[PDB]
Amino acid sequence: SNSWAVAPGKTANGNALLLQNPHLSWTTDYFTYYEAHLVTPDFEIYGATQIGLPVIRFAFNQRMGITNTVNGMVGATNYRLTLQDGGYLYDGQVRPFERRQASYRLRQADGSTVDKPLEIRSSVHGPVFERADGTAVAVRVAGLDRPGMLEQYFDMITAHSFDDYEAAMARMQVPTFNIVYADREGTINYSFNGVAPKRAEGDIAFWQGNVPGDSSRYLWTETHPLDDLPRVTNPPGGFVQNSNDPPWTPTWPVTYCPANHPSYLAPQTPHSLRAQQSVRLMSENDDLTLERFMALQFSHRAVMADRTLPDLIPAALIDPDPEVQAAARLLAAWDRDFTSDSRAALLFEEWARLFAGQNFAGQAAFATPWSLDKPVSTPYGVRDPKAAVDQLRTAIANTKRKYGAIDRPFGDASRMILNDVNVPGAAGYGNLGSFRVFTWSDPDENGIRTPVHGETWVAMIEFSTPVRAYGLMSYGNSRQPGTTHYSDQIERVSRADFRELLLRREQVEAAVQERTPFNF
């Protein structure tokens, strides 16, 4: 997921700019976004949200707007229990478990339902589960006493000022997410939100693993107020952003650093290349227009290539295998952008899978390690070019096997197929540096692949008066059997041809295709 908020001073017309760009699975049901527009005499909200939610998480109206990315707030703890004498050892003594005998019905293949017993054991920590390996784990989830999640989002998106907005956020009812804000008043904001347990020791990595469940020493009970969390408002840079990267480069120049917060809040790992493109695209550009802003969102740079090809190519060219040489020349001529016509893209990917692991996040193979002091220009280079060339050798085999050739056109193999619409793909994996994202699936017997996750709801809003907004939903606004609104937007996505989002009554009335009057 990507998120951008531009301050007036950094734009041409003087109105804030906002980008809603959540990345989620295209198939998981509870991750499906829906686009809607609500209007009553006292408020207006437009935007997308996961199906089933009565409130719009990615919203905007004539006054303000927000967006969300994943920050992974470690809001729960998995404790390893030390079983002993029917109970579990805690603070030197054997404590008994809380036991409740519950049950549920299991539907049978014949239509009937068998009654199945379910025992629920709990430690002072929380519910206990037994992993397949035999490890007894107790999960303690923070914020179970915050029932106002839905109303907080509702009050946040209907806020009449940044002040009211923050006040709503301060209730700490939304347990996670990075949230970005922007309004017609000119304020932009980034907030590493969520309910974080107050701890006296241990870094995030410690709390992300199995914490010892045999001592009150690790039993947290309180949570941090909104003021303890990393946040940025109107920074000197004139923008804020987050692309799932740790909250350490929310803007440029930064307004804080890791040392300013407890070490268990977020990680301090190398920022993905997409995240880096994000910081560059915003900081490097000034006097932005809505159009230019939109154009920047389409960025699909093979950043990984700029970091490795200068070292890989020369090394490959000296290899005796003529095919490795040809591959080297093919990659050398590539403009390093994931376009439909790129004959080198697929090949580069395959090598990347080996050079940096399947998820493309591996760091072990760079000559210069990542550094927060050079957050958008590291890691760099190839550590062992000889090895890398072997990896390329293997990649050539893999590319030919998967696609039938080392120089197959990216867009010929990468397709976006919904119902009977089959359009050419572009852009790609975020970890390779592509900002606009399409996590392509493995190919089928014919080398064809489609998006498994990536761009879903995408909108860019300018808070002028009236506001101007554009957007697109990859998989349409409906998945009900036989609907014509599932595959009717993917063709436009393939051309980055965005729809103007209609907020004004007159605009709506002009585009209405169906009227459903109702009464409650």
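Position 1 is the first residue in the sequence shown; the rest follow in order.
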Checklist entry - Higher mean Cα B-factor in the deposited model: 90 to 98 or 150 to 158? => result 90 to 98
Checklist entry - Do the C-alpha atoms of 381 to 389 or of 230 to 238 have the higher average B factor in the entry? => result 381 to 389
Checklist entry - Taking the values straight from the PDB record, which of 433, 247, 212, 175 has the highest C-alpha temperature factor? => result 212
Checklist entry - Based on what the PDB entry reports, which of 346, 437, 324, 196 has the top C-alpha B-factor? => result 324
Item to check | Third of the chain, ranked by Cα B-factor, where residue 17 sits | outcome: lowest
Item to check | residue 337, C-alpha B-factor rank within chain (lowest, middle or highest third) | outcome: middle
Checklist outcome for this item: residue 421: C-alpha B-factor third of its chain, per the entry, is the middle
Item to check | Lowest, middle or highest third - CA B-factor, residue 35 | outcome: lowest
Item to check | residue 218 - which third its CA temperature factor falls in, relative to the rest of the chain | outcome: highest
